[PDB]
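**Student:** Next up, coords22.pdb (PDB, C-alpha atoms and all ligand atoms).
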```
ATOM      1  CA  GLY A   1      73.919  82.060 109.392
ATOM      2  CA  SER A   2      76.345  84.665 110.711
ATOM      3  CA  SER A   3      77.534  87.082 108.025
ATOM      4  CA  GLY A   4      79.729  90.162 108.303
ATOM      5  CA  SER A   5      80.991  92.398 105.507
ATOM      6  CA  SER A   6      83.691  92.558 102.833
ATOM      7  CA  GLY A   7      86.957  94.481 102.741
ATOM      8  CA  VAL A   8      89.336  93.527  99.940
ATOM      9  CA  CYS A   9      91.112  95.341  97.109
ATOM     10  CA  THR A  10      89.232  96.225  93.922
ATOM     11  CA  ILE A  11      92.130  95.814  91.495
ATOM     12  CA  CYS A  12      93.732  92.551  92.612
ATOM     13  CA  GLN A  13      91.111  91.577  95.190
ATOM     14  CA  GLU A  14      93.671  90.849  97.908
ATOM     15  CA  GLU A  15      93.243  91.410 101.647
ATOM     16  CA  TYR A  16      96.981  91.152 102.300
ATOM     17  CA  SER A  17      98.332  94.567 103.292
ATOM     18  CA  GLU A  18     101.993  95.460 103.810
ATOM     19  CA  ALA A  19     103.608  98.795 102.954
ATOM     20  CA  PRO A  20     104.871 100.354 100.986
ATOM     21  CA  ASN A  21     102.104  98.463  99.186
ATOM     22  CA  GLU A  22      99.626  99.236 101.966
ATOM     23  CA  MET A  23      95.871  99.319 101.364
ATOM     24  CA  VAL A  24      93.549 102.325 101.584
ATOM     25  CA  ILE A  25      89.770 102.304 102.004
ATOM     26  CA  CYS A  26      87.615 104.944 100.316
ATOM     27  CA  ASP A  27      85.347 106.987 102.586
ATOM     28  CA  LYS A  28      82.719 107.336  99.859
ATOM     29  CA  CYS A  29      82.654 103.957  98.114
ATOM     30  CA  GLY A  30      84.178 101.940 100.941
ATOM     31  CA  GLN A  31      86.338  99.619  98.851
ATOM     32  CA  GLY A  32      90.075  99.230  99.365
ATOM     33  CA  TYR A  33      92.921 100.126  97.018
ATOM     34  CA  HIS A  34      96.588  99.178  97.363
ATOM     35  CA  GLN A  35      99.221 101.885  96.903
ATOM     36  CA  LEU A  36     100.605  99.846  94.006
ATOM     37  CA  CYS A  37      97.138  99.207  92.579
ATOM     38  CA  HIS A  38      95.462 102.612  92.851
ATOM     39  CA  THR A  39      96.448 104.897  89.973
ATOM     40  CA  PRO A  40      98.187 107.047  90.470
ATOM     41  CA  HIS A  41      99.951 105.210  93.296
ATOM     42  CA  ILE A  42      98.673 106.530  96.627
ATOM     43  CA  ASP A  43     101.121 108.282  98.951
ATOM     44  CA  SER A  44     102.039 107.200 102.481
ATOM     45  CA  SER A  45     101.427 110.662 103.935
ATOM     46  CA  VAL A  46      97.715 109.972 103.462
ATOM     47  CA  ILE A  47      97.924 106.697 105.382
ATOM     48  CA  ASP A  48     100.352 107.824 108.083
ATOM     49  CA  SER A  49      97.870 110.519 109.108
ATOM     50  CA  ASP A  50      94.369 109.748 110.379
ATOM     51  CA  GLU A  51      92.817 111.757 107.548
ATOM     52  CA  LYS A  52      90.113 110.459 105.207
ATOM     53  CA  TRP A  53      91.083 109.223 101.743
ATOM     54  CA  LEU A  54      88.976 109.030  98.582
ATOM     55  CA  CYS A  55      89.570 106.848  95.523
ATOM     56  CA  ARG A  56      90.351 108.367  92.124
ATOM     57  CA  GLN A  57      86.784 108.081  90.838
ATOM     58  CA  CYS A  58      85.690 110.169  93.823
ATOM     59  CA  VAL A  59      88.688 112.512  93.816
ATOM     60  CA  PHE A  60      88.493 113.334  90.107
ATOM     61  CA  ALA A  61      84.974 114.533  90.910
ATOM     62  CA  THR A  62      86.398 117.206  93.210
ATOM     63  CA  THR A  63      86.399 120.077  90.716
ATOM     64  CA  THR A  64      83.522 120.285  88.238
ATOM     65  CA  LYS A  65      82.602 123.243  86.032
ATOM     66  CA  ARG A  66      78.803 123.083  85.949
TER
HETATM   67 ZN    ZN A 101      95.406  95.440  95.084
HETATM   68 ZN    ZN A 102      85.503 106.317  96.154
END
```
As C-alpha cells, what does this structure read like?
Ligand SMILES: [Zn+2]
Ligand SMILES: [Zn+2]

**Tutor:**
Amino acid sequence: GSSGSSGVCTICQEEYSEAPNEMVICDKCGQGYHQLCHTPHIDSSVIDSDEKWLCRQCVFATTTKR
C-alpha cells in the first residue's frame, strides 16, 4: 500500500515544530533536530536563511588533520 517517507526528530522523535524550538533537517543524513534538542542548540540565523544546515556529527567532521 501507499508509503511515503519519515521526517521526525532524532532526540525526542517529535514532528511538532514551533520556534524558538524549531526543527532543522540535515542535508547529509536527512534527519531532523530541534533547536532545543541539537547540541549545541542550533541558531535561528541558520533557519531564517535558506542555507543548508548539517548536524553536529557531520559538522564536527568539517576539519580533519589527516
Ligand atoms: Zn526533538
Ligand atoms: Zn548529518

**Student:** Taking a cut-off of 9 Å and counting all atoms listed in the file, can you build a table that, for each residue of chain A near ligand ZN 102 (chain A), reports the nearest atom pair and how far apart they are in Å (one decimal), sorted by chain then residue number, as a tab-separated table?

**Tutor:**
```
residue	atom	partner	partner_atom	distance
A:25	CA	A:ZN102	ZN	8.3
A:26	CA	A:ZN102	ZN	4.9
A:27	CA	A:ZN102	ZN	6.5
A:28	CA	A:ZN102	ZN	4.7
A:29	CA	A:ZN102	ZN	4.2
A:30	CA	A:ZN102	ZN	6.6
A:31	CA	A:ZN102	ZN	7.3
A:53	CA	A:ZN102	ZN	8.4
A:54	CA	A:ZN102	ZN	5.0
A:55	CA	A:ZN102	ZN	4.1
A:56	CA	A:ZN102	ZN	6.6
A:57	CA	A:ZN102	ZN	5.7
A:58	CA	A:ZN102	ZN	4.5
A:59	CA	A:ZN102	ZN	7.3
```

**Student:** What are the closest atom pairs, with distances in Å to one decimal, for each residue of chain A lying within 10 Å of ligand ZN 101 (chain A), using only C-alpha atoms and all ligand atoms, rows by chain and rising residue number, as a tab-separated table?

**Tutor:**
```
residue	atom	partner	partner_atom	distance
A:8	CA	A:ZN101	ZN	8.0
A:9	CA	A:ZN101	ZN	4.7
A:10	CA	A:ZN101	ZN	6.3
A:11	CA	A:ZN101	ZN	4.9
A:12	CA	A:ZN101	ZN	4.2
A:13	CA	A:ZN101	ZN	5.8
A:14	CA	A:ZN101	ZN	5.7
A:15	CA	A:ZN101	ZN	8.0
A:16	CA	A:ZN101	ZN	8.5
A:17	CA	A:ZN101	ZN	8.8
A:21	CA	A:ZN101	ZN	8.4
A:22	CA	A:ZN101	ZN	8.9
A:23	CA	A:ZN101	ZN	7.4
A:24	CA	A:ZN101	ZN	9.6
A:32	CA	A:ZN101	ZN	7.8
A:33	CA	A:ZN101	ZN	5.6
A:34	CA	A:ZN101	ZN	4.5
A:35	CA	A:ZN101	ZN	7.7
A:36	CA	A:ZN101	ZN	6.9
A:37	CA	A:ZN101	ZN	4.8
A:38	CA	A:ZN101	ZN	7.5
```

**Student:** Using Å and a single decimal, report how far CA of residue 7 in chain A sits from CA of residue 44 in chain A.

**Tutor:**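 Distance between the two atoms: 19.7 Å.
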
**Student:** Just give me the gap between CA of residue 18 in chain A and CA of residue 48 in chain A in Å, one decimal is fine.

**Tutor:**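 Going from CA of residue 18 in chain A over to CA of residue 48 in chain A covers 13.2 Å.
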
**Student:** CA of residue 20 in chain A and CA of residue 47 in chain A, how far apart in Å?

**Tutor:**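 Straight-line distance from CA of residue 47 in chain A to CA of residue 20 in chain A works out to 10.4 Å.
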
**Student:** First collect every listed atom of range 27-46 of chain A; then fit an axis-aligned box around them, widen it by 3 Å on each side, and give centre and edge lengths in Å to one decimal, as AutoDock Vina command-line options.

**Tutor:**
```
--center_x 92.3 --center_y 104.9 --center_z 97.0 --size_x 25.4 --size_y 17.5 --size_z 20.0
```

**Student:** Go through A:60, A:65, A:19, A:5 one by one, measure the shortest atom-to-atom distance of each to residue 43 in chain A using only C-alpha atoms, and give the residue with the smallest value.

**Tutor:**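 Selected residue with least distance to residue 43 in chain A: A:19.
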